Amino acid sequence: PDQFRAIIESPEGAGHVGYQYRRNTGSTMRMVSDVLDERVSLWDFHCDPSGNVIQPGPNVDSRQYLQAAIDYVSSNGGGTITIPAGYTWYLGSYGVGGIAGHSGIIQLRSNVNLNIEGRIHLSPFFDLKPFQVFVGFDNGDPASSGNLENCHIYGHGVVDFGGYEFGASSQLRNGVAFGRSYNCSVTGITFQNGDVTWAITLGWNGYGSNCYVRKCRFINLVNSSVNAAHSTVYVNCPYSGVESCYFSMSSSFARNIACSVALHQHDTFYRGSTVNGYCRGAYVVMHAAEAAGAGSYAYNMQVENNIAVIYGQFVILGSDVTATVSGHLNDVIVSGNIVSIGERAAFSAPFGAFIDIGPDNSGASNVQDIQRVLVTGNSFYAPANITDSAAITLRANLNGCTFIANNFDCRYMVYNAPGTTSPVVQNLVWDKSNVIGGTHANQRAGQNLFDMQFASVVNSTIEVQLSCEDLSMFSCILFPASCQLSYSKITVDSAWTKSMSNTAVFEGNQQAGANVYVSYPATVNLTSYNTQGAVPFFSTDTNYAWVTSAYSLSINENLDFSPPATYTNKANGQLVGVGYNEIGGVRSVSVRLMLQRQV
């Protein structure tokens, strides 16, 4: 009996109290401790050396206790540790061993899930220092790390980075680095109040698979001029992605340095998410330096059905090389997104764009291999004052990109800055079903809507269709004489162009190329012979040697004659057609024509 009371009050007491489920005589005859052992929480490890529970709080460092919990549950083949609601659990020191090379705080372990219902905060020990809060590598050298498998972080709780600024731009900070990560995920968690490099990284240089970030919130994760750069989620393993997340920043620095997602391996996605306050939406990039685990190609890349207010570029495409590996990007889709450039002064943030074809990290524009991209069914808007806004800023070599059935309402459609890079362009396709908005009408003095500042263009299609007038623009499309143009189709629909001085401009007369197919409106002065009856009209100018046919876009105010409805050319570069003189006489008219070459 003394024994008994003593046993009951001891830590083995629950192990002596019997239990059978719902008094079911067919159920297991268990002890209370067995049922309690089905679950586990931080309270089961958050104790002093004598076993007495310790209350969390800002003067208590919870790190060792949470690590002890993870270590133990790992030793039993896994389970889910609850981080209890109603408390804030502070972290106040660095971890040890394999995660120390990563500035790690907690080491994650395979099959050990964290159900974060309460709050995890960083103590001021971390102020001005690097850190990665949760780390799944088990070695300081990621190349020598084991894998992290089957690790899920989820719940209604919060990771709060304490508001601390970076101490130096060279520092790195992260929330969750899953490492070489297979079937890992973060769901439901709010990451907030920091100055960090990433909130979550998935994978390592292509090693990993099936990692996801779903229904998470990321709020105010950049706050200082020290922060070098930020991507809220960096996706560095295949078959992985981000869905239904919320990203918000409020700091000015974020408008210049921060991106919501980086998709950096094949079969990755970003969908259904909302972004506000960031410079950039998503990078879609194959870095050769990251090609170890899944190959040198980033393919099956999906950015779909997002909502964004950004200050720089929505999707940024890239690929690059190292001394021994070449990176390639292909088979991309960008669809269903509704994006705007937020209110800002012209040139006050990185050049506004829906798609950017960006140079590598060294600024090289001649290393890229980007092709088979489909941009369809998106909307883009930039306010009228934002000069630096484009459907595409095409700033590095491009091996193909297709635009179908978008609505682009910004300053430029196609842009690259002159005297910068001279990209080599192939297979740029701009379908006629792209709707060009009117917000920037009257703002385009001196500017070309499609400003083709490239080394060369081949196998490309630009079908310009206006939907309102903008007589301020210099031209709808312009090719400098430095840009070769071949095996291409360039058209300017005549609607809303009657009063334009210039429609398409070929400063090197490139439209004469053998395999160039063009059409655009022009005004032409003609003069007829004096004969009564069928009578020829000829252009006064001789710069139509390339024209295969032309037709009238003008009415004929005359009763006594009519100019030709249609024209062809002559060897001397004049247009010629047969009109009709009811009464004879030399006629002189100025007519608006659709000039056509091989179309």
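So that there is no doubt, residue numbering starts at 1 and follows the sequence shown.
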Going by the entry, of stretches 111-119 and 260-268 the one with greater average Cα B-factor is 111-119
Ranked by mean Cα B-factor in the entry, 169-177 and 388-396, top stretch is 169-177
Among 548, 59, 566, 554, the highest C-alpha B-factor in the PDB entry belongs to 59
Of the residues 86, 342, 241, 513, the one whose Cα carries the largest B-factor in the deposited record is 86
Here the Cα B-factor of residue 523, set against its chain, lands in the third termed middle
Chain thirds by Cα B factor, record data; residue 484 belongs to the middle
Of the three thirds of Cα B-factor ranks in this chain, residue 298 occupies the middle
Residue 369: CA B-factor among chain residues, third -> middle
Tertile call for residue 136 (CA temperature factor, within chain, third-based) is the middle
